[PDB]
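To start, the structure under review is shown below, and the notes come after it.
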Amino acid sequence: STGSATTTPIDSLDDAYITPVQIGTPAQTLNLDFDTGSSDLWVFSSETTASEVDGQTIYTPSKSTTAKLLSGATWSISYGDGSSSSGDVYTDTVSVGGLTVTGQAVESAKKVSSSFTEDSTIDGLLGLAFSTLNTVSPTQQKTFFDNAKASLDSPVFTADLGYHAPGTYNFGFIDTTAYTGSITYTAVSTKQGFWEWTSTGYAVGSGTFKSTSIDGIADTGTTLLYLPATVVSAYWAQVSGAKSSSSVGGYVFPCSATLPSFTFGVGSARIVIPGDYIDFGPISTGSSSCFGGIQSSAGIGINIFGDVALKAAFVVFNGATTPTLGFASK
Numbered sequence: 001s002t003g004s005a006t007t008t009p010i011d012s013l014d015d016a017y018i019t020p021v022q023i024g025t026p027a028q029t030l031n032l033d034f035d036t037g038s039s040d041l042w043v044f045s046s047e048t049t050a051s052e053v054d055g056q057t058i059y060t061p062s063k064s065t066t067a068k069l070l071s072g073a074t075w076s077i078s079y080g081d082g083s084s085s086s087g088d089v090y091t092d093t094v095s096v097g098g099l100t101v102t103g104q105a106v107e108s109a110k111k112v113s114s115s116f117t118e119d120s121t122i123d124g125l126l127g128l129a130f131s132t133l134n135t136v137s138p139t140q141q142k143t144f145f146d147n148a149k150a151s152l153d154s155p156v157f158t159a160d161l162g163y164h165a166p167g168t169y170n171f172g173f174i175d176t177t178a179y180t181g182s183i184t185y186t187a188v189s190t191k192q193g194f195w196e197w198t199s200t201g202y203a204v205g206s207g208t209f210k211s212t213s214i215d216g217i218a219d220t221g222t223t224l225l226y227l228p229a230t231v232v233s234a235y236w237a238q239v240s241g242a243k244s245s246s247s248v249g250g251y252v253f254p255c256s257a258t259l260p261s262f263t264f265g266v267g268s269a270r271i272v273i274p275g276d277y278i279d280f281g282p283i284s285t286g287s288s289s290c291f292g293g294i295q296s297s298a299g300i301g302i303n304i305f306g307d308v309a310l311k312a313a314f315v316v317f318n319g320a321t322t323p324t325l326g327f328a329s330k
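Written as structure tokens, this is what we have:
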């Protein structure tokens, strides 16, 4: 089997992407944030504290003839940005882009933190990291991909995120029309539960490539590119007036600037992030200070190849017995 679904930016900055997901019988379609950096499929629901729901579409398990309470199961998750959610668990039928999994754990939120409430466009998350990170207790549950894998034509999914435009998540096949050149594959460590890999280096603009190993995670659920302070400083030094602002919470730059590109290495291959992808607009409405899309990972404890990086590539998440990651230009 295969599936194919369009993923759409939630706003004009590509702060996140939403993908429609069918849950239950008859189908209830929710727009979920596909997140290769976590492993829980959770949704706003009829059980979510009412004051914490503001415009999201909710899953109502009592209206699904295939929903079953997973007795005794609870979940609770905290994300790198400080947001969180928790609740109980149902199993139900879940379909993405024509690909159907029966008996999928659908984690129903009883509580969500303010950031989730405040974002009316995201109805929940669909985790695509390794199932070892799944938070359901006392019986850990499998991700949608893990459940689908054996049925897929090939044990892969691909992320093709757009810049200020829709893109595609495919399951079970590689669309050879969706990228240019060849796909370069690179080793993955699953030790921390992430799609963790090592970039071979970087360049700033038309500058020379610096060969250096950068361990990090491919994370569709993180907006920006978080890299070591040395790398980030070298990038922003090429932008007149750019500075790190403790009050704003990162590098800012004059909105009048033209940003240089940023290149990262995948083996001997190179992925080029155009400068415009690194512009996240005014820090506050009407400001002429703009927020940078490349930020320091210092104090995160891990480097993160978030959407800023991934949207410059066609990315293969290869879930074979020994997982790997592939990157192609597009």
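Counting from 1, position 237 in the sequence shown corresponds to residue 237 in the deposited numbering; the numbering is continuous, with no gaps. Positions of the beta carbon are idealized from the N, C-alpha and C atoms, including for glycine.
Presumed contact (8 Å Cβ cut-off) between residue i and residue j, rounded CB distance
i           : j           : result
residue 325 : residue 188 : 5 Å
residue 190 : residue 323 : 6 Å
residue 135 : residue 40  : 6 Å
residue 182 : residue 313 : Their Cβ separation, rounded to whole angstroms, is 12 Å, which puts residue 182 and residue 313 out of contact at 8 Å.
residue 30  : residue 124 : 6 Å
residue 33  : residue 286 : Incorrect: roughly 28 Å between the Cβ atoms, too far for contact.
residue 22  : residue 137 : Contact flag wrong, Cβ pair sits at about 27 Å.
residue 68  : residue 91  : 5 Å
residue 14  : residue 163 : 7 Å
residue 235 : residue 266 : At roughly 18 Å, the Cβ-Cβ gap does not stay under 8 Å, so residue 235 and residue 266 are not in contact.
residue 202 : residue 157 : That pair is no contact at about 26 Å.
residue 82  : residue 219 : With 8 Å as the limit, residue 82 and residue 219 do not qualify as a contact, their Cβ atoms being about 16 Å apart.
residue 7   : residue 168 : 6 Å
residue 153 : residue 1   : 7 Å
residue 226 : residue 304 : 4 Å
Close beta carbons around residue i, own chain, < 6 Å, minus the five adjacent residues each side
i           : result
residue 62  : none
residue 10  : 16, 18 and 121
residue 98  : 3
residue 64  : 24, 25 and 92
residue 213 : 198
residue 112 : 52 and 85
Proximal residues to residue i (C-beta, below 8 Å), its chain only, five neighbours per side dropped
i           : result
residue 268 : 184 and 200
residue 241 : 253, 254 and 257
residue 290 : 252, 253, 254, 255, 257, 279, 280, 281, 282 and 283
residue 54  : 117, 118 and 120
residue 78  : 84
Minimum C-alpha distance to residue i - residue among the options
i           : options               : result
residue 145 : 216, 129, 68 and 139  : 129
residue 155 : 312, 172 and 139      : 172
residue 110 : 99, 52 and 233        : 52
residue 211 : 44, 284 and 198       : 198
residue 179 : 287, 315 and 101      : 315
residue 320 : 94, 195 and 126       : 195
residue 232 : 261, 218, 217 and 247 : 261
residue 223 : 292, 102 and 55       : 292
residue 298 : 85, 249 and 55        : 249
residue 246 : 295, 277, 37 and 143  : 295
residue 306 : 5, 273, 140 and 107   : 273
residue 57  : 116, 104 and 83       : 116
residue 317 : 139, 45 and 159       : 159
residue 208 : 42, 270, 165 and 1    : 270
residue 105 : 79, 148, 84 and 170   : 148
residue 127 : 228, 213 and 43       : 43
residue 330 : 216, 73, 161 and 300  : 161
residue 89  : 27, 174, 6 and 70     : 70
residue 60  : 73, 50 and 45         : 45
residue 12  : 277, 107, 301 and 244 : 277
residue 50  : 28, 114, 79 and 243   : 114
residue 408 : 238, 5 and 107        : This structure gives no information on residue 408, because the portion of the chain shown stretches from 1 to 330.
residue 206 : 275, 74 and 27        : 275
residue 140 : 74, 229 and 308       : 74
Which residues DSSP lists as bridging residue i, in chain order
i           : result
residue 325 : 186 and 317
residue 99  : 96
residue 9   : 17
residue 160 : 168
residue 153 : The partner list for residue 153 (beta bridge, DSSP) is empty, contrary to what the question assumes.
residue 111 : 86
residue 31  : 20
residue 351 : Because the chain in this structure spans residues 1 to 330, residue 351 falls outside the shown range and cannot be described.
residue 254 : 289
residue 303 : 216
residue 282 : 290
residue 104 : 92
residue 272 : 263
residue 68  : 91
residue 43  : 108 and 124
residue 38  : Residue 38 pairs with nothing; no bridge assigned.
Other residues of its chain near residue i: CB distance less than 7 Å, five sequence neighbours each side excluded
i           : result
residue 132 : 193
residue 100 : 93
residue 76  : 86 and 135
residue 302 : 216 and 217
residue 300 : 80 and 226
residue 238 : 204, 205 and 260
residue 166 : 6, 7 and 8
heavy atom of the ligand FAD below 6 Å from residue i C-beta
i           : result
residue 155 : Inclusion of the ligand FAD in the displayed structure is not the case, the ligand content being empty and no account of it being possible.
Proximity test, Cβ basis, 7 Å: residue i and chain D
i           : result
residue 150 : Structure shown: chain D not included; a single protein chain is present.
TODO: Please go through the region 180-244 and give each complete alpha helix (DSSP H) segment of 4 or more residues, from N-terminal end onward.
DONE: 229-236
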